[PDB]
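Here the structure is laid out as structure tokens; the discussion comes afterwards.
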Amino acid sequence: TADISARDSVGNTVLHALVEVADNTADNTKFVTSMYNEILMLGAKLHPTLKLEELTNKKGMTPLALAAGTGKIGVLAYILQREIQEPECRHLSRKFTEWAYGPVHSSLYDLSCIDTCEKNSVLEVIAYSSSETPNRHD
Amino acid sequence: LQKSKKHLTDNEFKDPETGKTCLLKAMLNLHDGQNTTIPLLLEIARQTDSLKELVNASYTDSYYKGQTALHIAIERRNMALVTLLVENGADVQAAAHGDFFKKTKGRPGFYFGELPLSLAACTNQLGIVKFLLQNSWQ
Numbered sequence: 275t276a277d278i279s280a281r282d283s284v285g286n287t288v289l290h291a292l293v294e295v296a297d298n299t300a301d302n303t304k305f306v307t308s309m310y311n312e313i314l315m316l317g318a319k320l321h322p323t324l325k326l327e328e329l330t331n332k333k334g335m336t337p338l339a340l341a342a343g344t345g346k347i348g349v350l351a352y353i354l355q356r357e358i359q360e361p362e363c364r365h366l367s368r369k370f371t372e373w374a375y376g377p378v379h380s381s382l383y384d385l386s387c388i389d390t391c392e393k394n395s396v397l398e399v400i401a402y403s404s405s406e407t408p409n410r411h412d
Numbered sequence: 137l138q139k140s141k142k143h144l145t146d147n148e149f150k151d152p153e154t155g156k157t158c159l160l161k162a163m164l165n166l167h168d169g170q171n172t173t174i175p176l177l178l179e180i181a182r183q184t185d186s187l188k189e190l191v192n193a194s195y196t197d198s199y200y201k202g203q204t205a206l207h208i209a210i211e212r213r214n215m216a217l218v219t220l221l222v223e224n225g226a227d228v229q230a231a232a233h234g235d236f237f238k239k240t241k242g243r244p245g246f247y248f249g250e251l252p253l254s255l256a257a258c259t260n261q262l263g264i265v266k267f268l269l270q271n272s273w274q
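Chains as they are written, first to last, in the deposited numbering: chain A, 275 to 412; chain B, 137 to 274.
Structure (structure tokens):
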């Protein structure tokens with residue numbers, strides 16, 4: 275069986291590598307976000323106590339921060355508005371709903387790794403980005 | 137509850153700090169549009185005296201003040217439970233006064249007009265509109 279958790283030479287796990295391969299085009303974004311889901315969902319079926327997204331490569335970067343440091347807005351949009359409806363893969367959701375009375379519904383977005391966190395905040399990695407770093411502004 | 141009274145004892149078994157009798161609790165935690173305790177909890181109340189004080193009951197808190205169980209069935213889009221409750225009383229003029237149910241307030245909430253007929257009109261339930269005006273009883 276392959277190792278979901280294994281790393282490459284540069285420390286990038288599979289999910290990091292789904293971020294490196296993204297190129298901000300729709301068909302790639304449609305796909306990578308689909309495939310980002312499935313391994314990320316699969317890693318709750320097998321190895322249910324890991325939290326892949328917390329894994330840091332050689333440069334100390336998570337797949338979320340690496341999507342934000344490298345200009346990957348589609349993957350970033352996916353990871354941040356992520357809502358998974360399956361029961362045993364709900365904890366891997368990130369956009370929740372706390373109530374829905376009629377047309378109104380109150381969503382909750384996690385703020386892990388966005389606010390002034392430990393290693394690399396998504397706001398810092400976006401705000402303090404190098405100038406090339408595509409879609410700094412989006 | 138047969139062997140004491142069922143009447144005050146249900147009123148003492150209203151969830152404190154909310155006023156939820158067992159009836160309102162049931163439609164909250166539904167499964168595929170039915171709990172299967174809702175028919176039973178009506179059976180406890182029709183045999184043993186004072187059926188009205190279960191259906192006319194509502195939240196006691198100032199924040200859901202007046203939200204009878206009839207309002208619940210209208211939001212959850214259960215045509216049946218609207219039929220079931222109005223048979224057993226369940227006043228169709230119960231004013232959901234609560235702060236959740238008041239004008240915009242700059243806070244979370246849904247204003248529909250405080251009355252169950254206005255809830256159905258503002259919920260896309262036209263069947264429940266025509267029902268509440270010509271049902272058979274009230």
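Where is the CB? At the ideal position from N, CA and C, for every residue including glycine.
Which bits of chain A does residue i rub up against, with CB to CB less than 8 Å?
i: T204 of chain B; result: Ordered by position in chain A, no residue passes the 8 Å Cβ test against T204 of chain B, which lies about 15 Å from the chain.
i: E211 of chain B; result: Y375 and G376
i: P252 of chain B; result: Those do not exist, as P252 of chain B stays about 13 Å from chain A at its closest Cβ, beyond 8 Å.
Distance, Cα to Cα, residue i vs residue j?
i: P337 of chain A; j: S381 of chain A; result: 23 Å
i: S254 of chain B; j: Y375 of chain A; result: 14 Å
i: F246 of chain B; j: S404 of chain A; result: 44 Å
i: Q203 of chain B; j: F236 of chain B; result: 10 Å
i: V396 of chain A; j: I388 of chain A; result: 5 Å
i: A193 of chain B; j: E362 of chain A; result: 37 Å
i: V265 of chain B; j: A351 of chain A; result: 40 Å
i: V399 of chain A; j: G242 of chain B; result: 33 Å
i: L164 of chain B; j: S308 of chain A; result: 34 Å
i: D227 of chain B; j: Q359 of chain A; result: 37 Å
i: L221 of chain B; j: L206 of chain B; result: 7 Å
i: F248 of chain B; j: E153 of chain B; result: 24 Å
i: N394 of chain A; j: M335 of chain A; result: 7 Å
i: residue 251 of chain A; j: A280 of chain A; result: Residue 251 of chain A is absent from the model: chain A starts at 275 and stops at 412.
i: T330 of chain A; j: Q229 of chain B; result: 59 Å
i: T184 of chain B; j: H379 of chain A; result: 39 Å
i: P175 of chain B; j: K142 of chain B; result: 17 Å
i: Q274 of chain B; j: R212 of chain B; result: 21 Å
i: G348 of chain A; j: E328 of chain A; result: 19 Å
i: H233 of chain B; j: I353 of chain A; result: 40 Å
i: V218 of chain B; j: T240 of chain B; result: 27 Å
i: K156 of chain B; j: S198 of chain B; result: 13 Å
i: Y310 of chain A; j: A401 of chain A; result: 25 Å
i: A291 of chain A; j: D412 of chain A; result: 22 Å
i: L166 of chain B; j: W373 of chain A; result: 15 Å
List the residues of chain B that residue i touches, going by C-beta distances under 9 Å, in chain order.
i: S380 of chain A; result: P244
Can you pull the chain A neighbours of residue i, defined as C-beta to C-beta under 7 Å?
i: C158 of chain B; result: By Cβ distance, chain A contributes nothing, its closest Cβ being about 21 Å from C158 of chain B, past 7 Å.
i: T259 of chain B; result: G376
Using 8 Å for Cβ pairs, my map puts residue i next to residue j. What's the rounded Cβ distance?
i: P252 of chain B; j: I208 of chain B; result: So it is not a contact: roughly 10 Å between Cβ atoms.
i: residue 413 of chain A; j: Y383 of chain A; result: Because chain A here runs from 275 to 412, residue 413 of chain A falls outside it and cannot be looked at.
i: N214 of chain B; j: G169 of chain B; result: 5 Å
i: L316 of chain A; j: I278 of chain A; result: 7 Å
i: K346 of chain A; j: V293 of chain A; result: 6 Å
i: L144 of chain B; j: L159 of chain B; result: Actually they are not in contact, since the Cβ atoms of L144 of chain B and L159 of chain B sit about 16 Å apart, beyond 8 Å.
i: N171 of chain B; j: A181 of chain B; result: The Cβ separation is near 15 Å, so there is no contact.
i: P377 of chain A; j: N298 of chain A; result: The pair is not a contact, with the Cβ atoms about 33 Å apart (cut-off 8 Å).
i: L314 of chain A; j: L289 of chain A; result: 7 Å
Ends of the alpha helix (DSSP H) at residue i?
i: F370 of chain A; result: Not the alpha helix (DSSP H): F370 of chain A falls in the beta strand (DSSP E), residues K369 to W373.
i: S308 of chain A; result: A300 to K319
i: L324 of chain A; result: Where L324 of chain A is concerned, there is no enclosing alpha helix (DSSP H), given that its DSSP letter is neither H nor E.
i: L262 of chain B; result: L262 to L269
i: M163 of chain B; result: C158 to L164
i: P337 of chain A; result: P337 to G343
i: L190 of chain B; result: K188 to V191
i: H290 of chain A; result: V288 to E294
i: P377 of chain A; result: Careful: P377 of chain A lies outside any alpha helix (DSSP H) and carries neither H nor E.
i: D146 of chain B; result: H143 to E148
i: residue 457 of chain A; result: The structure shown has nothing for residue 457 of chain A, since chain A only spans 275 to 412.
i: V218 of chain B; result: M215 to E223
i: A401 of chain A; result: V396 to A401
i: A257 of chain B; result: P252 to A257
i: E392 of chain A; result: First-last for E392 of chain A: undefined, no H or E at that position.
i: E211 of chain B; result: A205 to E211
Within the continuous beta strand (DSSP E) that includes residue i, where are the two ends?
i: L176 of chain B; result: Taken as a continuous stretch (DSSP letters only), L176 of chain B belongs to no beta strand (DSSP E), being part of the alpha helix (DSSP H) at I174 to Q183.
i: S381 of chain A; result: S380 to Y383
Which residues in chain A have a C-beta closer than 9 Å to the C-beta of residue i? List them in chain order.
i: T173 of chain B; result: In chain order: nothing, as chain A lies at least about 22 Å away.
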